[PDB]
Amino acid sequence: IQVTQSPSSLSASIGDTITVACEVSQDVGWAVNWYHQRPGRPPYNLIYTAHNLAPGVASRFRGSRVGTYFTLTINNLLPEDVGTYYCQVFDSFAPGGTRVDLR
Amino acid sequence: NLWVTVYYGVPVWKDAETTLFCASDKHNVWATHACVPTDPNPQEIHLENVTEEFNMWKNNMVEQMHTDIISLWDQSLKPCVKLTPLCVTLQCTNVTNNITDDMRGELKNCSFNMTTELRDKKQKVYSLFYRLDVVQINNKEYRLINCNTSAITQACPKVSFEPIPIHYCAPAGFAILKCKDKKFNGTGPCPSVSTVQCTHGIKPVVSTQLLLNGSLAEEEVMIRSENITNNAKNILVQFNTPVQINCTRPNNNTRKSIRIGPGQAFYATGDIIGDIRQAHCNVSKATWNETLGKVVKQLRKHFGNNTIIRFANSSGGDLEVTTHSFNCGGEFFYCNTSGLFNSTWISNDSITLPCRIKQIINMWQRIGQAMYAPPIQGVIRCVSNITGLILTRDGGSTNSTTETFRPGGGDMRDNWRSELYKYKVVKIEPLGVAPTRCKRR
Amino acid sequence: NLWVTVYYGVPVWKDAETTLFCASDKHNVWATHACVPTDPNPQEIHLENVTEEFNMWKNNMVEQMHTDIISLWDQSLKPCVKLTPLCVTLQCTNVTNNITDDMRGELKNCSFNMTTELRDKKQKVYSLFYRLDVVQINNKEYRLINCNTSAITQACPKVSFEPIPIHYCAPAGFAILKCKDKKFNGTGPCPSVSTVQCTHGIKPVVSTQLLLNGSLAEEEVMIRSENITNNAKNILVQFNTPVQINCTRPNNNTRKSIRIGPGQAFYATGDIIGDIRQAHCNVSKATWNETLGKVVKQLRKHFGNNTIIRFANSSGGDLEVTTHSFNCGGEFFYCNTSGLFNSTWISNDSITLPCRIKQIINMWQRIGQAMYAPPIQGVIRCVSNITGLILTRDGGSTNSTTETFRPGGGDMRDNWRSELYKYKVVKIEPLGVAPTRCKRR
Amino acid sequence: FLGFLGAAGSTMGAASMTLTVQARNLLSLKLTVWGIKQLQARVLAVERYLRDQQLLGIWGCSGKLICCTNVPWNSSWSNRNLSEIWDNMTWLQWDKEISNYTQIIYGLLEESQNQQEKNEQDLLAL
Amino acid sequence: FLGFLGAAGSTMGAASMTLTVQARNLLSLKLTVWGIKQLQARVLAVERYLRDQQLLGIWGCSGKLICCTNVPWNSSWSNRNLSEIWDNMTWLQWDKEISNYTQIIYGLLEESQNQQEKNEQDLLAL
Amino acid sequence: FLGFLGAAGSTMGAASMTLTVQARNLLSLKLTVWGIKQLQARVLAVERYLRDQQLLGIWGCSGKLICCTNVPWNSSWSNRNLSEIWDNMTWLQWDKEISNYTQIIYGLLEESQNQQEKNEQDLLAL
Ligand SMILES: *[C@@H]1O[C@H](CO)[C@@H](O[C@@H]2O[C@H](CO)[C@@H](O[C@@H]3O[C@H](CO)[C@@H](O)[C@H](O)[C@@H]3O)[C@H](O)[C@H]2NC(C)=O)[C@H](O)[C@H]1NC(C)=O
Ligand SMILES: *[C@@H]1O[C@H](CO)[C@@H](O[C@@H]2O[C@H](CO)[C@@H](O[C@@H]3O[C@H](CO)[C@@H](O)[C@H](O)[C@@H]3O)[C@H](O)[C@H]2NC(C)=O)[C@H](O)[C@H]1NC(C)=O
Ligand SMILES: *[C@@H]1O[C@H](CO)[C@@H](O[C@@H]2O[C@H](CO)[C@@H](O)[C@H](O)[C@H]2NC(C)=O)[C@H](O)[C@H]1NC(C)=O
Ligand SMILES: *[C@@H]1O[C@H](CO)[C@@H](O[C@@H]2O[C@H](CO)[C@@H](O)[C@H](O)[C@H]2NC(C)=O)[C@H](O)[C@H]1NC(C)=O
Ligand SMILES: *[C@@H]1O[C@H](CO)[C@@H](O[C@@H]2O[C@H](CO)[C@@H](O)[C@H](O)[C@H]2NC(C)=O)[C@H](O)[C@H]1NC(C)=O
Ligand SMILES: *[C@@H]1O[C@H](CO)[C@@H](O[C@@H]2O[C@H](CO)[C@@H](O)[C@H](O)[C@H]2NC(C)=O)[C@H](O)[C@H]1NC(C)=O
Ligand SMILES: *[C@@H]1O[C@H](CO)[C@@H](O[C@@H]2O[C@H](CO)[C@@H](O)[C@H](O)[C@H]2NC(C)=O)[C@H](O)[C@H]1NC(C)=O
Ligand SMILES: *[C@@H]1O[C@H](CO)[C@@H](O[C@@H]2O[C@H](CO)[C@@H](O)[C@H](O)[C@H]2NC(C)=O)[C@H](O)[C@H]1NC(C)=O
Ligand SMILES: *[C@@H]1O[C@H](CO)[C@@H](O[C@@H]2O[C@H](CO)[C@@H](O)[C@H](O)[C@H]2NC(C)=O)[C@H](O)[C@H]1NC(C)=O
Ligand SMILES: *[C@@H]1O[C@H](CO)[C@@H](O[C@@H]2O[C@H](CO)[C@@H](O)[C@H](O)[C@H]2NC(C)=O)[C@H](O)[C@H]1NC(C)=O
Ligand SMILES: *[C@@H]1O[C@H](CO)[C@@H](O[C@@H]2O[C@H](CO)[C@@H](O)[C@H](O)[C@H]2NC(C)=O)[C@H](O)[C@H]1NC(C)=O
Ligand SMILES: *[C@@H]1O[C@H](CO)[C@@H](O[C@@H]2O[C@H](CO)[C@@H](O)[C@H](O)[C@H]2NC(C)=O)[C@H](O)[C@H]1NC(C)=O
Ligand SMILES: *[C@@H]1O[C@H](CO)[C@@H](O)[C@H](O)[C@H]1NC(C)=O
Ligand SMILES: *[C@@H]1O[C@H](CO)[C@@H](O)[C@H](O)[C@H]1NC(C)=O
Ligand SMILES: *[C@@H]1O[C@H](CO)[C@@H](O)[C@H](O)[C@H]1NC(C)=O
Ligand SMILES: *[C@@H]1O[C@H](CO)[C@@H](O)[C@H](O)[C@H]1NC(C)=O
Ligand SMILES: *[C@@H]1O[C@H](CO)[C@@H](O)[C@H](O)[C@H]1NC(C)=O
Ligand SMILES: *[C@@H]1O[C@H](CO)[C@@H](O)[C@H](O)[C@H]1NC(C)=O
Ligand SMILES: *[C@@H]1O[C@H](CO)[C@@H](O)[C@H](O)[C@H]1NC(C)=O
Ligand SMILES: *[C@@H]1O[C@H](CO)[C@@H](O)[C@H](O)[C@H]1NC(C)=O
Ligand SMILES: *[C@@H]1O[C@H](CO)[C@@H](O)[C@H](O)[C@H]1NC(C)=O
Ligand SMILES: *[C@@H]1O[C@H](CO)[C@@H](O)[C@H](O)[C@H]1NC(C)=O
Ligand SMILES: *[C@@H]1O[C@H](CO)[C@@H](O)[C@H](O)[C@H]1NC(C)=O
Ligand SMILES: *[C@@H]1O[C@H](CO)[C@@H](O)[C@H](O)[C@H]1NC(C)=O
Ligand SMILES: *[C@@H]1O[C@H](CO)[C@@H](O)[C@H](O)[C@H]1NC(C)=O
Ligand SMILES: *[C@@H]1O[C@H](CO)[C@@H](O)[C@H](O)[C@H]1NC(C)=O
Ligand SMILES: *[C@@H]1O[C@H](CO)[C@@H](O)[C@H](O)[C@H]1NC(C)=O
Ligand SMILES: *[C@@H]1O[C@H](CO)[C@@H](O)[C@H](O)[C@H]1NC(C)=O
Ligand SMILES: *[C@@H]1O[C@H](CO)[C@@H](O)[C@H](O)[C@H]1NC(C)=O
Ligand SMILES: *[C@@H]1O[C@H](CO)[C@@H](O)[C@H](O)[C@H]1NC(C)=O
Ligand SMILES: *[C@@H]1O[C@H](CO)[C@@H](O)[C@H](O)[C@H]1NC(C)=O
Ligand SMILES: *[C@@H]1O[C@H](CO)[C@@H](O)[C@H](O)[C@H]1NC(C)=O
């Protein structure tokens, strides 16, 4: 199953609310786990089941499901959130991911 | 005007989890003698107008029965001899008399010092161990493969590993719902629900790739999987017709009893009378081809008509998963099923599967304890039915329609769930309240 | 006009089988402390007008309590030292210092290498073993008799084998029927039946030929045997008067503790202080003759007045049967008892029975496990009551009226059926339907 | 007073006069053999009592030692005269000679109770 | 006759006509795995039956399969017409759509039974 | 509402007003120490409830929290005035000062219930 992400990159200032989309080609239920990778650091779990927060993740992260349209919403952006965001469905990873950097 | 009236014994049930006791119709590893004697005539009641949701995966019965089988397996070895003295340096020489081309090095003639009845006295004896049980130490010096990871207790030779059908009966106040739909894929509503006091004959067969002696589908070969899209959940296949499989151990094995202590006997493997050949399982080529044709015809539906379906052998892993392992008359086989899953499909003869024997068996992958299956005297041979498949799909490149399916298994819950698939456990709730024109006095 | 009227609590019972719990009035082998404390005043109720069928031979209670005794005997052995290191080569010499003529060769002064607290360090120690416990290997080399066919576990020295009376009590809804008839011939109807909450004091005495400490017949010696014409069914003899038997072991034995490992102690037999004599039992000649006269008088009824009754000793067999074996203060005896069944009958003095003692005891003939009775310090003396016999008749030619009876036993169920002979287990069914002139409003 | 099963050999009427004494005796640690046997006996007793109590409850006779019903007695079961039954017979023989017809009697009892209760509800509602 | 849960899909009236067959099936060795599972199942069944019987007893309806009482229908639990309920509805959907309000109904039953019993005492003594 | 044993120290009438809340709490894995303790506790609770239910049933008072009988008060057990008992005393003291006369009262209740039922039989028959 092909999985797509958009936008490829985005810049937001401190404290803004931003969202990232992850579109799936077929019905995947809610199995769209999210992962964030800080530059030069191994990726770690953000959201599992597409709406459940991983342990240690602040409540400021939120995920939701609109049919086959999936969103990860970020509130009150903070500097440590800079990096890349990946959404996983089964064995498929979105090509390129989404890069988030400070404005 | 209106008032409420309390009812007793209303036909109302809720999904619930409870303990199920066994009933069954020589000692056995599964304590069938401990099962209550089932009624000669089971009672089955058809529930017309009823539509109940079913789900093998979220069913408790599979987990409960996995626990039950593991408990029985553990209990059957407690009053059995512990082979701790066998962990001694071995002197093994290859057996090379009257052996065939494929028997070069599969059996080892190991001689070792062993404790006799008298503690101070010792004794030198010899035994025949298959190559998979002994590992070289770096004639040469060998040891049992268990010796650095676990301690084995010899399976008591008098208990039979043969599967006896056992029925799991819910206590009073609970009911078992049996889905009568012949096209029921295992998830979603089952329009035809019939209740029974408890299950039909369930044989807890122990197999990995091919499901032996199982229950057949009534109409067509069916494909059952939690999320077919997810290329990880095993695809449970159930055959509408049986595929007979024959296989035997041609060696005329002899059981030699070696006393290793007070009342403790270790049953070794003596010299084989006659030539030594390969254990090999036979499957009819035409019957297997027809069954594969039916399977691929029913599989195309879930995917597409124009897609290419190709069966390849197991990718890799431990011996149990890579091969087709199953106990046959007290012996544990490991059959190299590469000639079965080999064809590629586009929109009298028998297949010989070379099997390998193992005596040090570690089922359930328990940390610290393993089993030594005593050798079976004579030539063992069993005729079983291939009644299912456990296929694992491989993720494609999203560019080709060549869906590749390989045998899986290992997780015995998958093997067992093809038998408890049509059943469900419900809790009777006989108190009901409804409005009626009645009034208390 | 008539109608049915339901009734609750009617006195109706059916023959049935059920589990009976223990009740009884230092730790002991039978765990009588685990038995519920019985009522100080038993509730015994006389059921006249009632005639109930009885049959000891097909009574469940004998089988159930035999199973209970075996389970208790096994369970009292689990938390006890396992004597596996004792199965080591022995160097035994004759004990010929201060011994009598009959004691020549019965003791063996065995010295052996034994492991000590420190595993690497070994140790040499000596102990005394009776000739029946050690077998020669072909001073000479010996081994414990059951070190090539069973594992030896020492009975814990602080638990006593003395029989504490136990009462078998049925649960609620069940009743125990007691046949008060003093002439109950062992089967058929019992005209005088009475119910009790549960049984009187039953002592699970262990004996083979003569019944010790049993319950006396109230009026006269009774002969009870299913199919008395069958010359293979044991004949249960019950005495109306007790025959006192005095059993003693004159040796003043010393218990020497030998530590064979961490917290594990093997209690050996040290040197005997003073002269070594033969353990023996004493039976009054006149009393035994009178009891035999009563028995033969009561036995002529089932065979005729003119027949000749002759008592010979027990024929060949294992030691436990050929001899009158029992326990006496923690020690197991094996008494000759050929002077008892010695005479023939036609239409101050004591009889000394030379007994032999054994330490390796295998009761219930379990395969793989044997018991080592620890020696008892001091001189042991027992005063028991001969209250029954196990006589096995022998067939003969049609031209002979000389019916020969020999002591039997072995099957402990025969030993115990003489105590549960007058009891029966019934199931109360309190629901009854009767025709009355009443019709529900 | 005679005690538990005291009137076992008595006549029908005398036995029925003292149903309570037999009625009161249907109901009255580690994993040791004696302990497990005690527990099994306890559970068996309680289950037997509740089976009997439930069976009474179905016929609408719970709490009543002697309860009447509304099913006729077919003479096929027993045509004996009442005087002979209640003055020259014990409960043992009575259960002996009706062991086979018990189930159909129980079914008739159950059906009659259900129908009578439904009629009572209909009258109470109207 | 259909058997245990025979009229599960049938209408309300037909199901109520045969309450007994489901009512009568609500109640009907060493320490081995199957033995302990059997004992636990037996105890679970007996306790479930006793809890159900106790709940029936509190509302003053012990021994009665169909029992009515003296608490009104709040009409917020369900406002469906009687004919539709008892002719075109099964017990399954009924319990499905009334499950949340069960506790308050049970409490009302409890209070009504207690007050009625106290009034019966008061009028009985006078 | 106060809860389980809420009116333990309350007067007789207030305690009698709320019997139901103590009435409901009278009834509500491997061979591990905790498991066996749980199982024994469960069985003990079941039997403790059933003994009380049986005692109520024998007196013809099953299913009734308050039940009146036909046993006269001997006045030797307690001659205290009704107003004093039912307005200035707690159940604990009441049970304290009749701990010895309980058995004879139970026997009188049993015999009175039995005779009463058989009397009813005669009238229902005639
Ligand atoms: C699937 O079911 C078939 C049919 O029950 C099983 O075949 C049976 O396998 C047992 C294994 O020992 C055979 O028992 C042997 O029978 C010979 C007959 O003389 C006896 O001498 C041996 O001592 C042993 O008892 C049995 O004959 C064979 N066939 C039948 C009809 O029972 C098969 O084993 C089952 N599949 C698996 C994987 O176990
Ligand atoms: C039959 O029953 C009699 C009496 O019930 C048994 O005799 C008793 O035997 C026990 C030991 O076997 C004696 O207890 C021991 O006594 C000595 C000396 O007092 C003491 O040092 C020990 O520690 C132990 O307590 C008991 O005195 C004796 N009773 C007598 C002699 O009256 C007899 O053993 C039974 N027969 C059997 C079991 O075969
Ligand atoms: C194994 O398969 C054979 C058939 O190859 C089964 O034998 C009979 O098969 C026919 C065909 O449907 C059935 O109608 C019979 O009922 C089968 N015999 C019996 C005794 O059931 C055989 O039963 C199968 N063994 C299994 C499933 O264990
Ligand atoms: C794939 O698997 C997921 C596993 O959860 C399925 O998702 C659930 O589907 C059920 C269907 O009744 C819903 O009730 C759940 O709420 C879903 N939850 C989650 C976590 O997704 C999904 O339906 C499956 N779908 C496919 C395409 O196989
Ligand atoms: C499995 O099938 C093979 C052949 O497909 C069998 O092997 C032959 O067995 C016969 C005796 O039955 C021999 O004469 C032949 O030499 C064997 N080899 C060949 C190539 O034919 C084998 O016996 C079968 N095993 C079974 C039925 O258990
Ligand atoms: C497996 O073995 C069975 C016999 O144990 C084979 O059945 C035999 O088949 C031949 C040829 O069709 C018949 O002549 C025999 O009468 C059959 N014997 C029976 C039914 O007992 C079966 O063909 C074998 N299967 C394979 C794949 O080798
Ligand atoms: C699946 O089949 C392939 C080829 O049919 C097997 O690959 C062979 O593996 C052996 C090792 O045991 C090599 O010696 C061969 O050279 C391989 N052949 C190839 C790569 O063409 C593979 O082992 C099989 N896997 C199984 C049976 O689990
Ligand atoms: C299982 O079967 C396959 C196919 O028969 C075996 O693969 C062959 O292995 C031999 C050497 O063992 C090679 O010479 C062949 O080239 C391989 N391929 C074929 C098609 O024969 C495999 O070795 C067997 N055993 C295992 C453990 O996989
Ligand atoms: C059994 O009786 C014998 C005699 O029949 C007793 O033997 C005597 O014992 C006394 C000691 O009390 C010695 O002084 C005698 O010399 C013995 N007489 C012999 C051996 O002929 C024996 O003590 C009795 N055993 C008992 C009572 O346990
Ligand atoms: C068994 O021993 C007891 C006591 O040791 C003997 O009983 C004594 O018998 C003598 C007669 O020889 C009397 O004078 C004593 O008064 C008795 N004492 C007691 C306590 O009973 C008994 O006679 C011995 N029996 C045999 C057969 O040796
Ligand atoms: C029963 O009595 C006979 C004869 O008194 C015993 O036979 C004796 O057996 C021994 C063996 O220990 C021989 O040494 C004797 O020669 C035999 N005497 C004979 C044949 O007259 C027989 O042993 C006695 N039974 C038992 C069990 O001891
Ligand atoms: C049991 O006792 C009898 C008689 O007391 C023993 O038979 C005697 O044994 C001796 C020893 O060899 C012989 O000299 C006698 O001839 C035998 N007969 C008689 C009448 O004394 C018998 O051996 C004993 N059983 C044993 C010791 O096992
Ligand atoms: C194994 O070796 C022993 C000698 O150690 C020999 O007696 C026996 O025949 C051998 N077995 C074979 C070669 O199969
Ligand atoms: C013995 O068998 C081993 C395989 O386990 C092999 O490596 C070795 O070469 C063999 N030795 C012979 C045949 O002499
Ligand atoms: C047994 O022990 C002896 C002692 O040296 C040794 O020579 C022999 O090789 C041993 N046998 C084995 C290890 O099989
Ligand atoms: C046991 O030995 C094998 C080789 O004989 C080795 O591969 C394995 O890692 C060892 N396991 C241990 C040391 O736990
Ligand atoms: C099984 O059938 C139901 C029918 O509603 C369908 O919803 C479900 O997706 C099917 N499952 C599979 C595995 O095809
Ligand atoms: C196996 O060997 C034994 C001899 O030990 C022989 O009696 C038997 O017939 C043999 N079995 C076969 C199938 O050859
Ligand atoms: C199985 O059937 C397919 C059908 O296309 C055929 O190509 C193949 O050769 C067959 N295999 C056999 C008969 O072994
Ligand atoms: C698998 O099939 C290929 C050709 O389709 C064949 O060459 C090979 O031998 C087969 N493998 C077997 C029969 O094990
Ligand atoms: C030693 O005792 C044995 C008893 O088993 C006897 O046969 C042997 O003659 C005795 N030897 C001596 C020298 O006393
Ligand atoms: C047994 O032999 C030991 C020496 O090994 C000796 O000290 C002891 O006194 C002997 N006991 C006897 C002869 O009873
Ligand atoms: C103990 O072992 C030593 C070692 O040689 C031996 O000399 C002695 O005889 C042994 N003692 C016994 C067998 O009692
Ligand atoms: C054990 O040794 C005894 C000694 O006589 C012998 O009779 C018996 O057969 C042996 N048992 C075995 C070797 O299993
Ligand atoms: C016991 O007495 C009954 C009385 O009828 C009789 O039938 C039976 O045969 C007797 N059994 C004997 C004498 O063994
Ligand atoms: C033995 O019999 C006597 C009567 O002579 C009696 O007083 C004593 O209690 C009996 N002992 C038992 C039954 O243990
Ligand atoms: C046995 O010996 C001890 C000394 O060890 C002594 O006190 C006791 O009196 C002796 N017993 C007899 C009966 O002589
Ligand atoms: C037993 O007594 C009888 C009669 O008193 C007598 O004839 C017989 O000889 C006596 N026998 C013995 C062994 O005392
Ligand atoms: C058996 O009786 C005979 C005849 O009285 C006698 O000679 C013999 O010694 C007796 N056997 C014994 C006492 O062991
Ligand atoms: C026993 O029978 C007699 C005469 O048949 C009778 O008088 C007596 O009352 C009966 N017993 C009982 C307890 O009724
Ligand atoms: C099922 O529904 C149909 C139509 O509503 C009805 O006629 C039938 O009676 C129902 N089934 C049962 C068992 O009542
Ligand atoms: C406690 O006693 C006082 C007066 O004695 C009373 O008013 C109060 O209600 C009692 N407590 C309760 C909870 O009833």
# chains A, B, ... in the order shown; residues from 1 in each chain; ligands from 1
call {"tool": "residues_near_ligand", "arguments": {"ligand": "ligand 19", "cutoff": "12 Å", "atoms": "only C-alpha atoms and all ligand atoms", "output": "list in words"}}
result
residues 283, 284, 285, 286, 287, 288, 289, 290, 291, 292, 293, 294, 296, 297, 309, 310, 339, 340, 341, 342, 343, 344, 345, 346, 347, 348, 349, 350 and 351 of chain B
call {"tool": "write_last_selection", "arguments": {"atoms": "N, CA and C atoms", "output": "tab-separated table (two decimals), in the first residue's frame"}}
result
chain	number	residue	atom	x	y	z
B	283	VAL	N	3.01	-37.20	-0.40
B	283	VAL	CA	1.79	-36.48	-0.74
B	283	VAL	C	1.49	-36.72	-2.21
B	284	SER	N	0.24	-37.07	-2.52
B	284	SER	CA	-0.13	-37.32	-3.91
B	284	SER	C	0.05	-36.05	-4.73
B	285	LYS	N	0.76	-36.17	-5.85
B	285	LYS	CA	1.06	-35.00	-6.67
B	285	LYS	C	-0.21	-34.40	-7.25
B	286	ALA	N	-1.07	-35.23	-7.83
B	286	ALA	CA	-2.29	-34.72	-8.44
B	286	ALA	C	-3.24	-34.14	-7.40
B	287	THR	N	-3.40	-34.82	-6.27
B	287	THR	CA	-4.28	-34.32	-5.22
B	287	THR	C	-3.77	-32.99	-4.67
B	288	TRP	N	-2.46	-32.89	-4.43
B	288	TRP	CA	-1.90	-31.64	-3.94
B	288	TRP	C	-2.05	-30.54	-4.97
B	289	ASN	N	-1.87	-30.86	-6.26
B	289	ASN	CA	-2.04	-29.85	-7.29
B	289	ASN	C	-3.48	-29.36	-7.35
B	290	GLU	N	-4.44	-30.28	-7.25
B	290	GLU	CA	-5.84	-29.88	-7.26
B	290	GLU	C	-6.17	-29.00	-6.05
B	291	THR	N	-5.66	-29.37	-4.88
B	291	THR	CA	-5.92	-28.57	-3.69
B	291	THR	C	-5.30	-27.19	-3.81
B	292	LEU	N	-4.08	-27.11	-4.35
B	292	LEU	CA	-3.46	-25.81	-4.57
B	292	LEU	C	-4.25	-25.00	-5.58
B	293	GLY	N	-4.80	-25.65	-6.60
B	293	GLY	CA	-5.64	-24.94	-7.55
B	293	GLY	C	-6.88	-24.36	-6.90
B	294	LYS	N	-7.54	-25.14	-6.05
B	294	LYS	CA	-8.70	-24.61	-5.33
B	294	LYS	C	-8.30	-23.46	-4.42
B	296	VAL	N	-5.73	-21.37	-4.72
B	296	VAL	CA	-5.40	-20.17	-5.47
B	296	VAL	C	-6.65	-19.57	-6.10
B	297	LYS	N	-7.62	-20.40	-6.49
B	297	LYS	CA	-8.87	-19.86	-7.02
B	297	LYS	C	-9.61	-19.06	-5.96
B	309	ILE	N	-0.08	-15.45	-8.34
B	309	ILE	CA	0.08	-16.07	-7.03
B	309	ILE	C	1.18	-17.11	-7.15
B	310	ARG	N	2.21	-16.97	-6.32
B	310	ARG	CA	3.36	-17.87	-6.36
B	310	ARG	C	3.63	-18.39	-4.96
B	339	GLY	N	9.10	-29.10	-1.87
B	339	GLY	CA	8.45	-29.56	-3.08
B	339	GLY	C	6.97	-29.27	-3.15
B	340	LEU	N	6.36	-28.84	-2.04
B	340	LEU	CA	4.94	-28.50	-2.04
B	340	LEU	C	4.72	-27.07	-2.51
B	341	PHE	N	5.35	-26.10	-1.84
B	341	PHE	CA	5.16	-24.69	-2.14
B	341	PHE	C	6.25	-24.25	-3.11
B	342	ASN	N	6.09	-24.67	-4.36
B	342	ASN	CA	7.06	-24.40	-5.41
B	342	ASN	C	6.43	-23.88	-6.70
B	343	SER	N	5.15	-24.12	-6.94
B	343	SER	CA	4.53	-23.79	-8.21
B	343	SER	C	4.29	-22.29	-8.33
B	344	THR	N	4.07	-21.86	-9.57
B	344	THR	CA	3.71	-20.49	-9.89
B	344	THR	C	2.46	-20.52	-10.76
B	345	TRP	N	1.46	-19.72	-10.40
B	345	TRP	CA	0.15	-19.77	-11.04
B	345	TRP	C	-0.13	-18.47	-11.77
B	346	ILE	N	-0.67	-18.59	-12.98
B	346	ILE	CA	-0.99	-17.46	-13.84
B	346	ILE	C	-2.44	-17.59	-14.28
B	347	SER	N	-3.14	-16.46	-14.34
B	347	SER	CA	-4.53	-16.44	-14.77
B	347	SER	C	-4.68	-16.96	-16.20
B	348	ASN	N	-1.13	-41.06	-9.21
B	348	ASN	CA	-0.12	-42.11	-9.13
B	348	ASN	C	1.22	-41.59	-8.63
B	349	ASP	N	1.66	-40.45	-9.16
B	349	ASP	CA	2.92	-39.87	-8.74
B	349	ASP	C	2.78	-39.25	-7.35
B	350	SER	N	3.87	-39.33	-6.58
B	350	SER	CA	3.89	-38.82	-5.22
B	350	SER	C	5.08	-37.88	-5.05
B	351	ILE	N	4.91	-36.90	-4.17
B	351	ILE	CA	5.96	-35.94	-3.84
B	351	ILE	C	6.62	-36.41	-2.55
call {"tool": "residues_near_ligand", "arguments": {"ligand": "ligand 21", "cutoff": "10 Å", "atoms": "only C-alpha atoms and all ligand atoms", "output": "ChimeraX atom specification"}}
result
/C:92-96,103-109,130-132,134-136,139-140
call {"tool": "residues_near_ligand", "arguments": {"ligand": "ligand 24", "cutoff": "9 Å", "atoms": "only C-alpha atoms and all ligand atoms", "output": "PyMOL selection string"}}
result
(chain B and resi 259+263) or (chain C and resi 135-137+145-149)
call {"tool": "residues_around", "arguments": {"residues": "residue 211 of chain B", "least_positions_apart": "5", "cutoff": "6 Å", "atoms": "only C-alpha atoms", "output": "PyMOL selection string"}}
result
chain B and resi 386-388
call {"tool": "residues_near_ligand", "arguments": {"ligand": "ligand 25", "cutoff": "12 Å", "atoms": "only C-alpha atoms and all ligand atoms", "output": "VMD selection string"}}
result
chain C and resid 51 to 57 181 183 to 191 222 to 230 235 to 236 298 to 299 301 to 303
call {"tool": "residues_near_ligand", "arguments": {"ligand": "ligand 32", "cutoff": "10 Å", "atoms": "only C-alpha atoms and all ligand atoms", "output": "list in words"}}
result
residues 2, 6, 7, 8, 9, 10, 11, 12, 14, 15, 87, 88, 89 and 90 of chain F
call {"tool": "interface_residues", "arguments": {"of": "chain B", "to": "chain F", "cutoff": "12 Å", "atoms": "only C-alpha atoms", "output": "VMD selection string"}}
result
chain B and resid 18 to 19 64 67 to 68 71
call {"tool": "residues_near_ligand", "arguments": {"ligand": "ligand 12", "cutoff": "7 Å", "atoms": "only C-alpha atoms and all ligand atoms", "output": "tab-separated table (two decimals) with C-alpha atoms, in the first residue's frame"}}
result
chain	number	residue	atom	x	y	z
C	336	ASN	CA	7.39	-66.66	61.21
C	337	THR	CA	3.94	-67.71	62.52
C	338	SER	CA	4.23	-71.37	61.62
C	339	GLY	CA	3.48	-72.42	65.20
call {"tool": "interface_residues", "arguments": {"of": "chain B", "to": "chain C", "cutoff": "8 Å", "atoms": "only C-alpha atoms", "output": "list in words"}}
result
residues 117, 118, 119, 120, 121, 259, 261, 262, 263 and 264 of chain B
